[PDB]
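Q: Have a peek at my_file-v8.cif (mmCIF, C-alpha atoms).
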```
data_structure
loop_
_atom_site.label_atom_id
_atom_site.label_comp_id
_atom_site.auth_asym_id
_atom_site.auth_seq_id
_atom_site.Cartn_x
_atom_site.Cartn_y
_atom_site.Cartn_z
CA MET O 1 -16.71 -0.83 -15.25
CA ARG O 2 -16.04 -4.52 -14.54
CA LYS O 3 -12.51 -3.94 -15.87
CA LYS O 4 -11.70 -1.30 -13.20
CA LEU O 5 -12.57 -3.73 -10.34
CA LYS O 6 -9.84 -4.74 -7.93
CA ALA O 7 -11.72 -5.83 -4.76
CA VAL O 8 -15.02 -7.22 -3.47
CA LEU O 9 -16.08 -5.94 -0.04
CA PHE O 10 -18.27 -8.45 1.81
CA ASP O 11 -20.44 -7.84 4.82
CA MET O 12 -20.29 -10.84 7.19
CA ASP O 13 -23.65 -11.34 8.98
CA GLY O 14 -26.30 -12.59 6.56
CA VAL O 15 -23.76 -12.62 3.70
CA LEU O 16 -20.86 -14.92 4.74
CA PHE O 17 -22.51 -16.57 7.82
CA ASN O 18 -26.19 -17.38 8.42
CA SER O 19 -26.19 -15.50 11.71
CA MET O 20 -29.08 -13.01 11.40
CA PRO O 21 -31.70 -15.22 13.17
CA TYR O 22 -29.19 -15.64 16.01
CA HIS O 23 -28.49 -11.87 16.19
CA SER O 24 -32.18 -10.98 16.29
CA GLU O 25 -32.87 -13.73 18.87
CA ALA O 26 -29.94 -12.63 21.07
CA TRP O 27 -30.79 -8.90 20.84
CA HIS O 28 -34.47 -9.59 21.67
CA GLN O 29 -33.58 -11.71 24.70
CA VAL O 30 -30.81 -9.54 26.16
CA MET O 31 -33.08 -6.48 25.88
CA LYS O 32 -36.04 -8.38 27.47
CA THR O 33 -33.77 -9.41 30.37
CA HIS O 34 -32.52 -5.83 30.80
CA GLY O 35 -36.08 -4.46 30.82
CA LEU O 36 -36.43 -3.18 27.23
CA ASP O 37 -38.87 -4.24 24.51
CA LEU O 38 -37.07 -5.08 21.28
CA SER O 39 -38.90 -7.49 19.01
CA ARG O 40 -37.02 -9.95 16.79
CA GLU O 41 -38.39 -8.04 13.77
CA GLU O 42 -37.22 -4.70 15.22
CA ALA O 43 -33.75 -6.16 15.89
CA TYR O 44 -33.47 -6.85 12.12
CA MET O 45 -33.89 -3.11 11.52
CA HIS O 46 -30.59 -2.59 13.32
CA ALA O 47 -28.79 -4.98 10.96
CA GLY O 48 -25.32 -3.67 10.12
CA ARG O 49 -24.74 -1.52 13.17
CA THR O 50 -22.18 -2.05 15.85
CA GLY O 51 -23.32 -3.43 19.21
CA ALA O 52 -22.70 -0.05 20.88
CA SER O 53 -24.72 1.78 18.21
CA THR O 54 -27.59 -0.75 18.41
CA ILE O 55 -27.78 -0.49 22.23
CA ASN O 56 -27.76 3.32 22.24
CA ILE O 57 -30.44 3.57 19.57
CA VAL O 58 -32.66 1.00 21.38
CA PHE O 59 -32.29 3.04 24.58
CA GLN O 60 -33.22 6.27 22.71
CA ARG O 61 -36.34 4.74 21.10
CA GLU O 62 -37.67 2.96 24.19
CA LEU O 63 -36.50 5.08 27.14
CA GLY O 64 -35.84 8.49 25.49
CA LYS O 65 -32.22 8.65 26.63
CA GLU O 66 -28.67 7.57 25.79
CA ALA O 67 -27.32 4.29 27.15
CA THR O 68 -24.36 4.78 29.48
CA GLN O 69 -20.97 3.26 28.69
CA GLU O 70 -21.55 0.74 31.50
CA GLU O 71 -24.93 -0.30 30.12
CA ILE O 72 -23.36 -0.71 26.65
CA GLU O 73 -20.50 -2.91 27.86
CA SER O 74 -22.73 -4.96 30.19
CA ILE O 75 -25.51 -5.55 27.61
CA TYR O 76 -22.99 -6.25 24.83
CA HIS O 77 -21.22 -8.82 27.01
CA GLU O 78 -24.57 -10.55 27.63
CA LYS O 79 -25.61 -10.42 23.97
CA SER O 80 -22.32 -12.14 23.09
CA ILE O 81 -22.81 -14.95 25.65
CA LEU O 82 -26.31 -15.55 24.35
CA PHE O 83 -25.20 -15.44 20.69
CA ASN O 84 -22.40 -17.93 21.39
CA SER O 85 -24.71 -20.29 23.30
CA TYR O 86 -26.43 -21.35 20.05
CA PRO O 87 -24.86 -24.02 17.79
CA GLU O 88 -22.27 -22.10 15.77
CA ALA O 89 -23.55 -20.20 12.74
CA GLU O 90 -23.03 -21.94 9.42
CA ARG O 91 -21.96 -20.59 6.00
CA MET O 92 -24.54 -18.92 3.78
CA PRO O 93 -25.08 -21.21 0.76
CA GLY O 94 -23.26 -19.73 -2.24
CA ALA O 95 -20.77 -17.61 -0.26
CA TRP O 96 -17.85 -20.03 -0.67
CA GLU O 97 -18.68 -20.65 -4.35
CA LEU O 98 -18.72 -16.86 -4.98
CA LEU O 99 -15.47 -16.23 -3.11
CA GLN O 100 -13.85 -18.86 -5.33
CA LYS O 101 -15.10 -17.02 -8.49
CA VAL O 102 -14.00 -13.65 -7.11
CA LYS O 103 -10.45 -14.93 -6.40
CA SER O 104 -10.13 -16.72 -9.78
CA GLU O 105 -10.97 -13.37 -11.38
CA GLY O 106 -7.94 -11.94 -9.56
CA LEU O 107 -9.99 -9.68 -7.24
CA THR O 108 -9.23 -9.07 -3.55
CA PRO O 109 -11.78 -10.35 -0.98
CA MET O 110 -12.38 -7.95 1.93
CA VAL O 111 -14.69 -8.01 4.98
CA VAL O 112 -16.42 -4.86 6.14
CA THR O 113 -18.47 -5.56 9.23
CA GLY O 114 -19.81 -3.85 12.35
CA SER O 115 -19.19 -7.15 14.26
CA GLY O 116 -17.14 -7.51 17.45
CA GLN O 117 -18.01 -11.24 17.70
CA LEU O 118 -14.58 -12.84 17.99
CA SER O 119 -16.04 -16.34 17.44
CA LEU O 120 -17.26 -15.38 13.94
CA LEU O 121 -14.21 -13.26 13.08
CA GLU O 122 -11.74 -16.02 14.05
CA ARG O 123 -13.86 -18.52 12.08
CA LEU O 124 -13.54 -16.62 8.77
CA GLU O 125 -10.30 -18.40 7.86
CA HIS O 126 -11.77 -21.84 8.68
CA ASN O 127 -14.92 -21.30 6.63
CA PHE O 128 -13.37 -19.47 3.67
CA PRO O 129 -9.79 -20.79 3.52
CA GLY O 130 -7.19 -18.51 1.92
CA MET O 131 -9.69 -15.74 1.10
CA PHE O 132 -9.31 -13.03 3.74
CA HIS O 133 -6.57 -11.21 5.71
CA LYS O 134 -6.85 -9.15 8.88
CA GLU O 135 -5.12 -6.15 7.24
CA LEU O 136 -7.83 -6.22 4.57
CA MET O 137 -10.76 -6.30 7.03
CA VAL O 138 -12.80 -3.62 8.78
CA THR O 139 -14.53 -4.62 12.06
CA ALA O 140 -16.08 -2.97 15.18
CA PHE O 141 -12.54 -2.40 16.46
CA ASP O 142 -11.64 -0.09 13.53
CA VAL O 143 -14.61 2.28 13.71
CA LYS O 144 -16.07 5.04 15.87
CA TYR O 145 -19.49 5.07 14.26
CA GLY O 146 -19.93 2.23 11.75
CA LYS O 147 -22.87 1.66 9.35
CA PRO O 148 -24.91 3.59 8.12
CA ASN O 149 -21.95 5.98 8.27
CA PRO O 150 -19.77 5.59 5.16
CA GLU O 151 -16.93 5.40 7.69
CA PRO O 152 -16.09 1.70 7.52
CA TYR O 153 -16.33 1.43 3.73
CA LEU O 154 -14.07 4.51 3.47
CA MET O 155 -11.59 2.78 5.81
CA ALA O 156 -11.85 -0.36 3.68
CA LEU O 157 -10.85 1.50 0.48
CA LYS O 158 -7.92 3.04 2.32
CA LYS O 159 -6.76 -0.33 3.70
CA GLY O 160 -6.94 -1.91 0.27
CA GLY O 161 -5.34 1.14 -1.41
CA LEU O 162 -8.45 1.44 -3.53
CA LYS O 163 -10.48 4.18 -5.13
CA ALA O 164 -14.28 3.87 -4.82
CA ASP O 165 -14.62 2.86 -8.50
CA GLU O 166 -12.24 -0.10 -7.92
CA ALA O 167 -14.55 -1.91 -5.45
CA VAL O 168 -17.94 -3.62 -5.15
CA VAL O 169 -19.95 -3.97 -1.87
CA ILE O 170 -22.04 -7.09 -1.01
CA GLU O 171 -24.65 -6.25 1.66
CA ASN O 172 -27.80 -7.75 3.18
CA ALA O 173 -28.70 -4.83 5.40
CA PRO O 174 -30.39 -1.52 4.48
CA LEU O 175 -28.01 0.37 6.81
CA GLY O 176 -24.99 -1.32 5.23
CA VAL O 177 -26.25 -0.66 1.68
CA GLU O 178 -26.65 2.94 2.74
CA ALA O 179 -23.05 3.00 4.06
CA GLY O 180 -21.57 1.50 0.88
CA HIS O 181 -23.64 3.86 -1.29
CA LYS O 182 -22.56 6.95 0.72
CA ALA O 183 -18.89 5.90 0.37
CA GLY O 184 -19.49 6.15 -3.41
CA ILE O 185 -19.14 2.44 -4.08
CA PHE O 186 -21.22 0.25 -6.40
CA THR O 187 -23.39 -1.77 -3.97
CA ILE O 188 -25.01 -5.17 -4.53
CA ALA O 189 -27.84 -5.99 -2.13
CA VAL O 190 -28.59 -9.61 -1.25
CA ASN O 191 -32.00 -10.09 0.40
CA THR O 192 -31.27 -12.94 2.84
CA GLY O 193 -33.55 -11.53 5.58
CA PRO O 194 -37.37 -11.60 5.91
CA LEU O 195 -38.06 -8.02 4.69
CA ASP O 196 -39.16 -6.39 1.41
CA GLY O 197 -36.55 -6.02 -1.38
CA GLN O 198 -37.55 -2.40 -2.12
CA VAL O 199 -35.99 -1.08 1.12
CA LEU O 200 -32.53 -2.16 -0.07
CA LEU O 201 -32.98 -0.29 -3.37
CA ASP O 202 -34.25 2.81 -1.48
CA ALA O 203 -31.01 2.68 0.56
CA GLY O 204 -28.79 2.98 -2.53
CA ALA O 205 -28.33 -0.51 -3.94
CA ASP O 206 -27.40 -0.69 -7.62
CA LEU O 207 -28.37 -4.37 -7.90
CA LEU O 208 -30.71 -6.67 -5.97
CA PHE O 209 -30.52 -10.45 -5.61
CA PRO O 210 -32.79 -12.77 -3.54
CA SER O 211 -29.92 -14.95 -2.24
CA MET O 212 -26.13 -15.41 -2.19
CA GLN O 213 -26.42 -18.41 -4.52
CA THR O 214 -28.34 -16.44 -7.17
CA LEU O 215 -25.75 -13.63 -6.93
CA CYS O 216 -23.08 -16.33 -7.33
CA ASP O 217 -24.93 -17.80 -10.35
CA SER O 218 -25.26 -14.35 -12.00
CA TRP O 219 -21.71 -13.21 -11.18
CA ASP O 220 -20.23 -13.72 -14.65
CA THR O 221 -23.23 -12.05 -16.34
CA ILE O 222 -23.26 -8.71 -14.46
CA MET O 223 -21.09 -5.58 -14.79
#
```
Once more with this new file: its structure as structure tokens, please.
A:
Amino acid sequence: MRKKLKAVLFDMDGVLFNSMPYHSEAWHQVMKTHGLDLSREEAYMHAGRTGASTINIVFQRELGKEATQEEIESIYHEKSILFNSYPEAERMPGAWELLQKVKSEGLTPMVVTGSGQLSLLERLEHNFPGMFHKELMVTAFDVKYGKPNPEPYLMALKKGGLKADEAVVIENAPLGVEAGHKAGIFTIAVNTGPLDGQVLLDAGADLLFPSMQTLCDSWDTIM
């Protein structure tokens, strides 16, 4: 029910900011420099996860072992330097227009993200003025596991004082769609990446859109 809705829970990377090419580039390069083979395409399969979770999984697939805590912190530090060395990520077209619709409907914007990138997180206010609040956000700092665990979306509901039927999730990532779905929330997938739209539906998405702008354009006509 559209009438039960109180809050819209946005992913950040590939939903609010056009940062996914930078993430896949930075992950590829940092892994290459450490001695591990992670293609730019393979890095997109880890969309949604925390840095620590990404690193550990890459280590398991390539080397057959866990990454140590030192390796995680060292690699994550280097990934962040690389990421922040590119001209800063710009807004996804349609994100600001949608947030404006969402707020005029009297719904609460939230961010649910695996990100620990302080540059992006501190830029949310400057790119989407008056939309978001730190007490209504879930980030890497809040979670132990993150996506595809329903953990962060469960924490989001709690933070917003919401029941699962009072929220909608906007995700670009299969693992994030999966996390929103498992938390029992109606999930809209936006296919801003290079991959096939069917994988988002397989993950639990109730609706599929090709872009943020087309989701924005269809916002008043969906329920």
Q: Looking at only C-alpha atoms, which of O:84, O:18, O:213, O:39 is the one that sits closest to residue 62 in chain O?
A: O:39
Q: Between CA of residue 210 in chain O and CA of residue 7 in chain O, what is the spacing in Å?
A: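 Computed distance, CA of residue 7 in chain O to CA of residue 210 in chain O, equals 22.2 Å.
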Q: Smallest atom-to-atom distance to residue 34 in chain O: which of O:78, O:11, O:206, O:90, using all atoms listed in the file?
A: O:78
Q: Please determine, counting only C-alpha atoms, which residue among O:69, O:85, O:198, O:139 has the shortest atom-to-atom distance to residue 122 in chain O.
A: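 Nearest candidate to residue 122 in chain O out of O:69, O:85, O:198, O:139: O:139.
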Q: Which is closer to residue 181 in chain O than all the others in O:126, O:147, O:65, O:28, using all atoms listed in the file?
A: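 Looking at the shortest contact to residue 181 in chain O, the residue is O:147.
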Q: Quick one: residues within 9 Å of range 12-17 of chain O, all atoms listed in the file, excluding same-chain residues fewer than 3 positions away - as a PyMOL selection string?
A: chain O and resi 20-21+23+47-48+89-96+111-115+120-121+124+127-128+170-173+190-193+211-212
Q: Quick one: everything within 8 Å of residue 27 in chain O, counting all atoms listed in the file, minus sequence neighbours fewer than 2 positions away in the same chain. Send it as a list in words.
A: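 That gives residues 23, 24, 25, 29, 30, 31, 38, 40, 43 and 79 of chain O.
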Q: Pick out the residues sitting within 10 Å of residue 55 in chain O, and hand them over as a list in words; count all atoms listed in the file, and ignore anything fewer than 4 positions along from it in its own chain.
A: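 Within the cut-off, the hits are residues 27, 31, 46, 49, 50, 51, 59, 60, 66, 67, 68, 71, 72, 73, 75 and 76 of chain O.
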Q: Rounded to one decimal place, report the CA of residue 6 in chain O-CA of residue 166 in chain O distance in Å.
A: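 Value for the CA of residue 6 in chain O-CA of residue 166 in chain O distance: 5.2 Å.
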Q: List the neighbours of residue 8 in chain O out to 12 Å using all atoms listed in the file; skip same-chain residues closer than 3 positions along the sequence, and give me the result as a ChimeraX atom specification.
A: /O:2,4-5,11,98-103,105-112,131-132,136-137,153,156-157,160,162,164-171,180,185-188,219
Q: Any chance you can output those residues with C-alpha atoms as a CSV table (one decimal), in the coordinates of the input?
A:
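Everything below was put into out.csv:
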```
chain,number,residue,atom,x,y,z
O,2,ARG,CA,-16.0,-4.5,-14.5
O,4,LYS,CA,-11.7,-1.3,-13.2
O,5,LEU,CA,-12.6,-3.7,-10.3
O,11,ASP,CA,-20.4,-7.8,4.8
O,98,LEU,CA,-18.7,-16.9,-5.0
O,99,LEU,CA,-15.5,-16.2,-3.1
O,100,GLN,CA,-13.8,-18.9,-5.3
O,101,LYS,CA,-15.1,-17.0,-8.5
O,102,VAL,CA,-14.0,-13.6,-7.1
O,103,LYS,CA,-10.4,-14.9,-6.4
O,105,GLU,CA,-11.0,-13.4,-11.4
O,106,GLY,CA,-7.9,-11.9,-9.6
O,107,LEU,CA,-10.0,-9.7,-7.2
O,108,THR,CA,-9.2,-9.1,-3.6
O,109,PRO,CA,-11.8,-10.4,-1.0
O,110,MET,CA,-12.4,-8.0,1.9
O,111,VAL,CA,-14.7,-8.0,5.0
O,112,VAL,CA,-16.4,-4.9,6.1
O,131,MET,CA,-9.7,-15.7,1.1
O,132,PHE,CA,-9.3,-13.0,3.7
O,136,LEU,CA,-7.8,-6.2,4.6
O,137,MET,CA,-10.8,-6.3,7.0
O,153,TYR,CA,-16.3,1.4,3.7
O,156,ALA,CA,-11.8,-0.4,3.7
O,157,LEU,CA,-10.8,1.5,0.5
O,160,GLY,CA,-6.9,-1.9,0.3
O,162,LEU,CA,-8.4,1.4,-3.5
O,164,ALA,CA,-14.3,3.9,-4.8
O,165,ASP,CA,-14.6,2.9,-8.5
O,166,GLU,CA,-12.2,-0.1,-7.9
O,167,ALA,CA,-14.6,-1.9,-5.4
O,168,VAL,CA,-17.9,-3.6,-5.2
O,169,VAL,CA,-20.0,-4.0,-1.9
O,170,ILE,CA,-22.0,-7.1,-1.0
O,171,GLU,CA,-24.6,-6.2,1.7
O,180,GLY,CA,-21.6,1.5,0.9
O,185,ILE,CA,-19.1,2.4,-4.1
O,186,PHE,CA,-21.2,0.2,-6.4
O,187,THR,CA,-23.4,-1.8,-4.0
O,188,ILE,CA,-25.0,-5.2,-4.5
O,219,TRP,CA,-21.7,-13.2,-11.2
```
Q: Could you please determine the separation between CA of residue 135 in chain O and CA of residue 119 in chain O in Å, to one decimal place?
A: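 Computing the Euclidean distance for CA of residue 135 in chain O and CA of residue 119 in chain O yields 18.1 Å.
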Q: Rank nothing, just name the residue among O:138, O:57, O:1, O:179 nearest to residue 222 in chain O, using all atoms listed in the file.
A: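 Checking each of O:138, O:57, O:1, O:179 against residue 222 in chain O, counting all atoms listed in the file, the winner is O:1.
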Q: I'd like to know which of O:174, O:35, O:184, O:129 is closest to residue 200 in chain O, using all atoms listed in the file.
A: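 Checking each of O:174, O:35, O:184, O:129 against residue 200 in chain O, counting all atoms listed in the file, the winner is O:174.
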Q: Taking (-13.8, 3.0, 17.8) in the file's coordinates as the center, which residues reach within 12 Å of it, counting all atoms listed in the file, put as an mmCIF file with C-alpha atoms, in the frame of the given file?
A:
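out.cif, freshly written:
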```cif
data_model
loop_
_atom_site.group_PDB
_atom_site.id
_atom_site.type_symbol
_atom_site.label_atom_id
_atom_site.label_comp_id
_atom_site.auth_asym_id
_atom_site.auth_seq_id
_atom_site.Cartn_x
_atom_site.Cartn_y
_atom_site.Cartn_z
ATOM 1 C CA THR O 50 -22.180 -2.050 15.850
ATOM 2 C CA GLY O 51 -23.320 -3.430 19.210
ATOM 3 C CA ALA O 52 -22.700 -0.050 20.880
ATOM 4 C CA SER O 53 -24.720 1.780 18.210
ATOM 5 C CA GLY O 114 -19.810 -3.850 12.350
ATOM 6 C CA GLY O 116 -17.140 -7.510 17.450
ATOM 7 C CA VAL O 138 -12.800 -3.620 8.780
ATOM 8 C CA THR O 139 -14.530 -4.620 12.060
ATOM 9 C CA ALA O 140 -16.080 -2.970 15.180
ATOM 10 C CA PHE O 141 -12.540 -2.400 16.460
ATOM 11 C CA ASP O 142 -11.640 -0.090 13.530
ATOM 12 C CA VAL O 143 -14.610 2.280 13.710
ATOM 13 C CA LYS O 144 -16.070 5.040 15.870
ATOM 14 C CA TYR O 145 -19.490 5.070 14.260
ATOM 15 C CA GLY O 146 -19.930 2.230 11.750
ATOM 16 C CA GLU O 151 -16.930 5.400 7.690
ATOM 17 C CA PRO O 152 -16.090 1.700 7.520
#
```
Q: How big is the axis-aligned box around the listed atoms of range 149-165 of chain O once 4 Å is added on each side, and where is its centre? Give both in Å to one decimal, as lines of an AutoDock Vina configuration file.
A:
```
center_x = -13.6
center_y = 2.0
center_z = -0.1
size_x = 24.6
size_y = 15.9
size_z = 24.8
```
Q: Using only C-alpha atoms, which residues sit within 7 Å of residue 203 in chain O once same-chain residues fewer than 2 positions away are excluded, as number ranges by chain?
A: O: 174, 177-178, 199-201, 205
